[PDB]
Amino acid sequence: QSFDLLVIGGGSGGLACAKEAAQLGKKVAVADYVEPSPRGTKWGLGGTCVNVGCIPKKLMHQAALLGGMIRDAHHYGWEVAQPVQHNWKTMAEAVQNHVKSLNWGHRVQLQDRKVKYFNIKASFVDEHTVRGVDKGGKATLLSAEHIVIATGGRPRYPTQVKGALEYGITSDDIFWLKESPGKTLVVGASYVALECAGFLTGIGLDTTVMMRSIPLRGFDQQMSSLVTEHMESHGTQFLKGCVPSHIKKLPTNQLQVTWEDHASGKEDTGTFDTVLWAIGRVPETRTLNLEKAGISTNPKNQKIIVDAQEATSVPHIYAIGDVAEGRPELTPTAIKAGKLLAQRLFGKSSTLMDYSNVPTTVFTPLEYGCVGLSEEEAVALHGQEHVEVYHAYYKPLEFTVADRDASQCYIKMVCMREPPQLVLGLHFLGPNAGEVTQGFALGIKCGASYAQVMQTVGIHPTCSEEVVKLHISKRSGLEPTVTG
């Protein structure tokens, strides 16, 4: 029937807007539909975050870490008997049983909040209504004065790469597999690829990443590079500069993937058990008949063109998350953007969503955290003549007793050359990056100066303290590695 607020996408962003909009006392209702993955994989309410990303990854990334924890453990006097095995079955179960705890968890929060849920592959019929396909097939007359679109996106697939859909697997699958990936190839060079490639290796699987160009394109290339080098230096096979052209399933069912070594040879063939495409995601806008509702869109990325109020072309219709063009594809921003929107509508709020200096963390074997600008983006904006950079190479105290190599533990603080020297970008690469970066992202929102950093005392002995020690400049070109 009719509601004064319809939300499309029971996701991290959508749900936020939904629950917060209901808490404002409004008749909220959301429709979410988990259209299966090409390999036939489905999950519960809670968008990408809960089910195929944020939560599972971290959790598997965790299990990987634990592995090194055991190795290290021996040095600290723990007579653990090695080499300790690890089965994909036990882990996956554990993880999944938790995803579900957030499945039948959002569902609970939606009931106690005067909000109705309609599991239906929504689609636009006009200005204020949507049609609802079903696992069965009964459509449903749904209308609301305000419609928020939070449909996120889905794992993009290769084009001419024959043998793709056929045998490829996506981030949407790796998490719910019933049986170990065994051997695997990760065709990607950024966030997903690397992170997945990471724990896979951490588990003990013969993992191999296939970068066509540069790593984490966009990020502070220095840090980006330091990241991969850590992986390669720690068990992750790397095929720098190669692209897929054909995958052929053979008798034993193993995959015979053939590529091109643009770096050296001109074609090479290897075979692996699984193949993971980490080549970006794509908005699920097509499947909405947006055009037949009045919602203008974007050409390149099919995202929903947007306002600054998260509004679209239809002032009573909005978009949030991976869906809205121009916005950072994260979860916090998805969520926050939801609350605020739901408050500006029925809360008398005017504060908009601030998308600047949002921090982030690449949960790779060695976590890479950052906020603000990267050295490049920095000269790009103020010029190399007006930028100062302080960096350091530290050694976690914990990395010492355990003979864990730390030549990858780097830190880079980009700020302006002219006093007080407003810091405008921090880069941390070591253990628990997010845990460290978070605090500092506050210094940015505040415009903390390099002074206030030399004025900030340290919490010894920690890894984050290294940030607040930074003094060696690149101008000075002094040796970065830290003494004392």
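Just count from 1 along the sequence shown to find any residue number.
Judged by mean Cα B factor in the deposited record, 36-44 ranks above the other of 49-57 and 36-44. Once the C-alpha B-factors are averaged per stretch, 176-184 and 390-398 rank with 176-184 first. Based on the entry's C-alpha B-factors, the most elevated value among 232, 126, 195, 329 belongs to 126. The PDB entry gives the largest Cα B-factor of the residues 132, 77, 204, 383 to 132. The deposited CA B-factor of residue 359 belongs to the lowest third of values across its chain.
Residue 417 sits in the middle third of its chain by CA B factor, as recorded in the PDB entry. Annotation for residue 14: CA B-factor lies in the middle third of the chain's modelled residues. Per-chain ranking of the deposited C-alpha B factor places residue 291 in the highest third. In the deposited entry, the Cα temperature factor of residue 23 sits in the top third of values across the chain's modelled residues.
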